[PDB]
Structure formats: C-alpha cells, structure tokens
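To keep things clear, I will list the structure first and then write my remarks on it.
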Amino acid sequence: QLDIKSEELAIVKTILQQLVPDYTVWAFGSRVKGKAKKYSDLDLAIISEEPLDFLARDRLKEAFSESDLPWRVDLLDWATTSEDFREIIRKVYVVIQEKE
Ligand SMILES: [Zn+2]
Ligand SMILES: [Zn+2]
Ligand SMILES: [Zn+2]
Ligand SMILES: [Zn+2]
Ligand SMILES: [Zn+2]
C-alpha cells in the first residue's frame with residue numbers, strides 16, 4: 001500500500017482535486033513498495049493522453065512546494081512516458097484519484 005501519513009494523503013488529495021481534477025493519478029515507486037526512507041520522494045503518475053498543460057504543471061509543483069509535506073512530490077507525465085516504463089509502473093501502484 002501507500003506509505004504516507006493520513007494527513008499527508010489528504011493534503012495530496014486536495015491539491016490534485018483542485019489543480020488537475022480531470023486527471024487520474026497513481027502513486028508508484030518506493031512508497032508503494034514498502035521500501036520508503038524518511039526523505040524518499042512520492043512518485044505520482046499524472047495519467048493522460050497528451051502532455052500536461054505547462055501551466056497546470058507549474059501550478060502543481062507550486063502547490064506541492066508550498067504545502068506542509070516533508071518530502072518532494074516527483075511528477076511523471078504518462079503521456080511522454082515510454083512503454084517499457086509504463087509496464088513497470090503497472091506492476092505495482094496505488095490509485096490516488098481517478099478522472100471524475
Ligand atoms: Zn521515489
Ligand atoms: Zn524514482
Ligand atoms: Zn522519484
Ligand atoms: Zn521525476
Ligand atoms: Zn505495454
């Protein structure tokens with residue numbers, strides 16, 4: 001499952017719903033794999049077709065850097081992610097948000 005704090009999940013959950021609610025978002029990486037260290041980032045795949053609009057991207061990075069989370073949120077763009085890498089993410093992930 002997702003090794004983050006309750007309070008941290010809701011912070012993430014709020015930011016995603018206000019800035020990219022038309023996007024499905026998956027957590028992957030060491031935090032879904034039980035191997036999380038204190039300052040491990042949180043890897044999030046932003047799922048869509050076409051590369052995330054720059055502006056909404058910026059605003060996401062802004063919102064996460066402004067928040068109280070004690071580690072970094074590492075955004076991955078599914079649309080420009082290669083198939084080999086997509087296949088590895090699909091082995092193990094946690095859904096955070098689906099497109100409404
Ligand atoms: Zn990571
Ligand atoms: Zn990584
Ligand atoms: Zn990372
Ligand atoms: Zn990255
Ligand atoms: Zn494939």
Side-chain angles (χ1 to χ4, degrees), residues 1-6 8-49 51-99:
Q1 42 182 52
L2 185 47
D3 187 11
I4 62 178
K5 303 170 187 292
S6 278
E8 310 174 315
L9 176 62
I11 290 143
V12 173
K13 268 224 131 269
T14 303
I15 281 160
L16 291 172
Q17 157 222 155
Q18 315 185 143
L19 291 169
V20 290
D22 308 332
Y23 287 82
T24 291
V25 184
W26 298 354
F28 66 96
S30 58
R31 297 186 168 274
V32 302
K33 270 149 126 92
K35 283 147 191 119
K37 284 166 164 233
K38 180 129 48 110
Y39 287 109
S40 290
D41 59 8
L42 173 60
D43 299 291
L44 296 184
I46 303 284
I47 311 288
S48 74
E49 304 78 86
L52 178 51
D53 70 305
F54 64 121
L55 173 70
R57 204 190 44 206
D58 268 33
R59 292 180 171 164
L60 264 178
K61 281 144 93 204
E62 170 170 327
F64 283 122
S65 69
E66 301 175 337
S67 72
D68 245 313
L69 302 165
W71 27 253
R72 164 170 213 263
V73 175
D74 185 1
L75 300 177
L76 166 149
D77 202 329
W78 194 258
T80 53
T81 290
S82 78
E83 187 67 22
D84 298 298
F85 204 60
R86 293 174 181 205
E87 270 152 17
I88 288 170
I89 299 179
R90 293 165 172 136
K91 277 167 234 173
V92 197
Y93 63 94
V94 172
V95 175
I96 301 301
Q97 140 168 331
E98 293 254 20
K99 76 169 134 206

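Numbers for residues simply follow the sequence, beginning at 1. Values reported hereafter were calculated over all heavy atoms of this structure, with side chains retained and with hydrogens, waters and symmetry mates removed.
- Using a 4.5 Å cut-off between side-chain heavy atoms of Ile, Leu, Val, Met, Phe, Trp and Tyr, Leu55 falls into a hydrophobic cluster with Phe54.
- Note that the CG atom of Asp41 and the CZ atom of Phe64 stand 12.0 Å from one another [nearest 0.5 Å].
- A search for side chain to side chain contact (heavy atoms under 4.5 Å, CB included) contacts involving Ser67 returns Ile11, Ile15, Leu69, not counting sequence neighbours.
- Of all heavy-atom pairs spanning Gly29 and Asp43, the tightest one is CA-OD2, 3.8 Å.
- For the pair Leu44 and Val12, the minimum side-chain heavy-atom distance is below 4.5 Å.
- Residues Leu52 and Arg57 approach most closely at CD2-CG, 3.8 Å, considering heavy atoms.
- In this structure, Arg31 contributes its side chain and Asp3 its backbone to a donor-acceptor pair below 3.5 Å.
- Considering all non-hydrogen atoms of both residues, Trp71 and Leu42 come closest at CZ3-CB, 3.6 Å.
- Under the rule for a side chain to side chain contact (heavy atoms under 4.5 Å, CB included), the partners of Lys35 that lie at least two apart in sequence or sit in another chain are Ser30, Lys33.
- For the residue pair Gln17 and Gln97, the shortest heavy atom distance occurs at N-OE1, 3.4 Å.
- Applying the salt bridge (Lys or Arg N to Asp or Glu O under 4.0 Å) rule to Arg72 yields the partners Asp74; only residues at least two apart in sequence or on another chain are considered.
- How far CH2 of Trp78 is from CZ of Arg86: 6.0 Å, rounded to the nearest 0.5 Å.
- Rounding to the nearest 0.5 Å gives a distance of 14.5 Å between CD1 of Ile47 and CG of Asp22.
- None of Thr24, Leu76, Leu60 except one satisfies the side chain to side chain contact (heavy atoms under 4.5 Å, CB included) rule with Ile46; the exception is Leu60.
- Residues meeting the ring-ring contact (aromatic ring centres under 6.0 Å, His included) test with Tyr93, sequence neighbours left out: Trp26.
- Under the rule for a side chain to side chain contact (heavy atoms under 4.5 Å, CB included), the partners of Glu87 that lie at least two apart in sequence or sit in another chain are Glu83, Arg90.
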